There are 4 protein chains.
Amino acid sequence: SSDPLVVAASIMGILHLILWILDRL
Amino acid sequence: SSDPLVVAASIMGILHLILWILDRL
Amino acid sequence: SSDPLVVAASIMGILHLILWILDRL
Amino acid sequence: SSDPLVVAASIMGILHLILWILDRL
Ligand SMILES: CCCCCCCCO[C@H]1O[C@@H](CO)[C@H](O)[C@H](O)[C@@H]1O
Ligand SMILES: CCCCCCCCO[C@H]1O[C@@H](CO)[C@H](O)[C@H](O)[C@@H]1O
Ligand SMILES: CCCCCCCCO[C@H]1O[C@@H](CO)[C@H](O)[C@H](O)[C@@H]1O
Ligand SMILES: [Cl-]
């Protein structure tokens, strides 16, 4: 499976997209 | 192999690049 | 080992972040 | 475990987030 550090960076990417979308709305 | 979440973040990233390329063309 | 989609996105992220850093200098 | 390029991209993503925060400070 993926390294915790990689998991953490992917979560950061996903949250950033969600925050950006919420801001645009 | 890779965690679902990490695969999903990668697909978002690839889509992000496609969209940017399309915008610039 | 990593999913091939994850390696490909990582390589794109690296190039992107490299360009970002050069500009920030 | 995760490929070296995947680990590297994740670290560079974390570096970017931190440079972005410090930039605003
Ligand atoms: C603690 C983990 C939360 C990470 C989510 C916040 C990431 C915000 O950081 C981002 O702000 C962007 C604005 O769209 C800028 O374009 C920057 O490139 C930066 O990466
Ligand atoms: C998960 C990592 C995938 C990385 C995909 C890169 C997303 C491309 O998108 C970015 O392209 C840059 C130039 O290439 C532009 O300066 C913009 O910041 C754009 O958002
Ligand atoms: C800019 C900072 C980037 C640092 C990148 C370090 C990533 C390497 O890290 C990798 O090294 C491998 C050696 O082949 C080990 O086998 C480990 O699996 C590890 O993932
Ligand atoms: Cl991985």
# chains A, B, ... in the order shown; residues from 1 in each chain; ligands from 1

$ residues_near_ligand --ligand "ligand 4" --cutoff "7 Å" --atoms "only C-alpha atoms and all ligand atoms" --output "ChimeraX atom specification"
/A:1-3,6 /B:1-3,6 /C:1-3,6 /D:1-3,6

$ write_last_selection --atoms "C-alpha atoms" --output "short mmCIF file (atom, residue, chain, number, x, y, z; two decimals), in the first residue's frame"
data_model
loop_
_atom_site.label_atom_id
_atom_site.label_comp_id
_atom_site.auth_asym_id
_atom_site.auth_seq_id
_atom_site.Cartn_x
_atom_site.Cartn_y
_atom_site.Cartn_z
CA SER A 1 0.00 0.00 0.00
CA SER A 2 0.95 3.69 -0.11
CA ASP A 3 3.32 5.41 2.36
CA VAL A 6 2.00 9.92 0.15
CA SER B 1 -0.56 -1.45 -4.95
CA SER B 2 -1.47 2.20 -4.43
CA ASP B 3 -4.34 3.18 -2.09
CA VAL B 6 -3.85 8.10 -3.91
CA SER C 1 5.15 -0.79 -5.96
CA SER C 2 3.18 2.32 -6.99
CA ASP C 3 0.28 2.31 -9.47
CA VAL C 6 0.49 7.55 -9.54
CA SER D 1 5.95 0.62 -0.63
CA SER D 2 5.73 3.85 -2.69
CA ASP D 3 8.21 4.43 -5.54
CA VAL D 6 6.12 9.27 -5.74
#

$ closest_atom_pairs --of "chain D" --to "ligand 3" --cutoff "12 Å" --atoms "only C-alpha atoms and all ligand atoms" --output "JSON lines"
{"residue": "D:1", "atom": "CA", "partner": "ligand 3", "partner_atom_place_in_ligand_line": "18 (O)", "distance": 5.9}
{"residue": "D:2", "atom": "CA", "partner": "ligand 3", "partner_atom_place_in_ligand_line": "20 (O)", "distance": 5.5}
{"residue": "D:3", "atom": "CA", "partner": "ligand 3", "partner_atom_place_in_ligand_line": "20 (O)", "distance": 5.4}
{"residue": "D:4", "atom": "CA", "partner": "ligand 3", "partner_atom_place_in_ligand_line": "10 (C)", "distance": 4.0}
{"residue": "D:5", "atom": "CA", "partner": "ligand 3", "partner_atom_place_in_ligand_line": "7 (C)", "distance": 6.3}
{"residue": "D:6", "atom": "CA", "partner": "ligand 3", "partner_atom_place_in_ligand_line": "7 (C)", "distance": 7.5}
{"residue": "D:7", "atom": "CA", "partner": "ligand 3", "partner_atom_place_in_ligand_line": "7 (C)", "distance": 4.9}
{"residue": "D:8", "atom": "CA", "partner": "ligand 3", "partner_atom_place_in_ligand_line": "5 (C)", "distance": 3.9}
{"residue": "D:9", "atom": "CA", "partner": "ligand 3", "partner_atom_place_in_ligand_line": "3 (C)", "distance": 7.1}
{"residue": "D:10", "atom": "CA", "partner": "ligand 3", "partner_atom_place_in_ligand_line": "3 (C)", "distance": 8.2}
{"residue": "D:11", "atom": "CA", "partner": "ligand 3", "partner_atom_place_in_ligand_line": "2 (C)", "distance": 5.7}
{"residue": "D:12", "atom": "CA", "partner": "ligand 3", "partner_atom_place_in_ligand_line": "1 (C)", "distance": 5.8}
{"residue": "D:13", "atom": "CA", "partner": "ligand 3", "partner_atom_place_in_ligand_line": "1 (C)", "distance": 9.6}
{"residue": "D:14", "atom": "CA", "partner": "ligand 3", "partner_atom_place_in_ligand_line": "2 (C)", "distance": 9.9}
{"residue": "D:15", "atom": "CA", "partner": "ligand 3", "partner_atom_place_in_ligand_line": "1 (C)", "distance": 8.4}
{"residue": "D:16", "atom": "CA", "partner": "ligand 3", "partner_atom_place_in_ligand_line": "1 (C)", "distance": 10.8}

$ write_last_selection --atoms "C-alpha atoms" --output "CSV table (one decimal), in the first residue's frame"
chain,number,residue,atom,x,y,z
D,1,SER,CA,5.9,0.6,-0.6
D,2,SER,CA,5.7,3.8,-2.7
D,3,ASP,CA,8.2,4.4,-5.5
D,4,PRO,CA,11.0,7.0,-5.0
D,5,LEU,CA,9.5,9.4,-7.5
D,6,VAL,CA,6.1,9.3,-5.7
D,7,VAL,CA,7.8,10.0,-2.4
D,8,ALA,CA,9.7,12.9,-4.0
D,9,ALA,CA,6.6,14.5,-5.6
D,10,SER,CA,4.9,14.3,-2.2
D,11,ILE,CA,7.8,16.0,-0.5
D,12,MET,CA,7.9,18.7,-3.1
D,13,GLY,CA,4.1,19.3,-2.7
D,14,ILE,CA,4.6,19.7,1.1
D,15,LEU,CA,7.5,22.1,0.4
D,16,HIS,CA,5.2,24.2,-1.9

$ calpha_fit_and_write --fixed "chain C" --moving "chain B" --output "tab-separated table (two decimals) with N, CA and C atoms, in the first residue's frame"
chain	number	residue	atom	x	y	z
B	1	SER	N	4.21	-1.88	-7.58
B	1	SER	CA	4.70	-1.07	-6.42
B	1	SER	C	3.87	0.20	-6.24
B	2	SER	N	3.88	1.07	-7.25
B	2	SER	CA	2.83	2.05	-7.46
B	2	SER	C	2.39	1.88	-8.91
B	3	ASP	N	1.12	2.18	-9.21
B	3	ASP	CA	0.62	2.07	-10.59
B	3	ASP	C	1.27	3.14	-11.47
B	4	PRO	N	1.59	2.78	-12.74
B	4	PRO	CA	2.18	3.72	-13.70
B	4	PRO	C	1.56	5.12	-13.66
B	5	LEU	N	0.23	5.17	-13.64
B	5	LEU	CA	-0.57	6.40	-13.62
B	5	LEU	C	-0.32	7.27	-12.39
B	6	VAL	N	-0.15	6.61	-11.24
B	6	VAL	CA	0.18	7.28	-9.99
B	6	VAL	C	1.63	7.82	-9.99
B	7	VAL	N	2.57	7.01	-10.49
B	7	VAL	CA	3.95	7.49	-10.78
B	7	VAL	C	3.94	8.71	-11.71
B	8	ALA	N	3.12	8.65	-12.77
B	8	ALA	CA	3.07	9.75	-13.75
B	8	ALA	C	2.52	11.05	-13.15
B	9	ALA	N	1.44	10.94	-12.37
B	9	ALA	CA	0.89	12.10	-11.63
B	9	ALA	C	1.91	12.70	-10.65
B	10	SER	N	2.71	11.85	-10.02
B	10	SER	CA	3.74	12.32	-9.10
B	10	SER	C	4.85	13.07	-9.82
B	11	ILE	N	5.24	12.59	-10.99
B	11	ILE	CA	6.29	13.27	-11.76
B	11	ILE	C	5.82	14.66	-12.22
B	12	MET	N	4.57	14.73	-12.69
B	12	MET	CA	3.91	16.01	-13.02
B	12	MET	C	3.97	16.98	-11.84
B	13	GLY	N	3.64	16.48	-10.65
B	13	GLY	CA	3.65	17.29	-9.43
B	13	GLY	C	5.03	17.84	-9.13
B	14	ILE	N	6.04	16.98	-9.20
B	14	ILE	CA	7.46	17.39	-8.98
B	14	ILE	C	7.93	18.42	-10.02
B	15	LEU	N	7.64	18.16	-11.29
B	15	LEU	CA	7.85	19.14	-12.35
B	15	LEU	C	7.14	20.48	-12.09
B	16	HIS	N	5.88	20.40	-11.66
B	16	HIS	CA	5.10	21.59	-11.27
B	16	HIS	C	5.85	22.43	-10.24
B	17	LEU	N	6.33	21.80	-9.17
B	17	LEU	CA	7.14	22.48	-8.16
B	17	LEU	C	8.44	23.08	-8.71
B	18	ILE	N	9.15	22.33	-9.55
B	18	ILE	CA	10.39	22.85	-10.15
B	18	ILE	C	10.10	24.14	-10.94
B	19	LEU	N	9.08	24.09	-11.78
B	19	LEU	CA	8.72	25.23	-12.61
B	19	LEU	C	8.32	26.45	-11.79
B	20	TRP	N	7.58	26.24	-10.70
B	20	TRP	CA	7.16	27.32	-9.83
B	20	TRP	C	8.38	27.97	-9.17
B	21	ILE	N	9.26	27.13	-8.63
B	21	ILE	CA	10.52	27.61	-8.03
B	21	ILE	C	11.33	28.44	-9.03
B	22	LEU	N	11.48	27.92	-10.25
B	22	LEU	CA	12.19	28.63	-11.31
B	22	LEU	C	11.54	29.97	-11.64
B	23	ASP	N	10.22	30.00	-11.70
B	23	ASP	CA	9.51	31.26	-11.97
B	23	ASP	C	9.83	32.32	-10.91
B	24	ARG	N	9.80	31.91	-9.64
B	24	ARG	CA	10.02	32.82	-8.51
B	24	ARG	C	11.47	33.30	-8.35
B	25	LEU	N	12.43	32.48	-8.79
B	25	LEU	CA	13.84	32.88	-8.74
B	25	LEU	C	14.14	33.92	-9.82
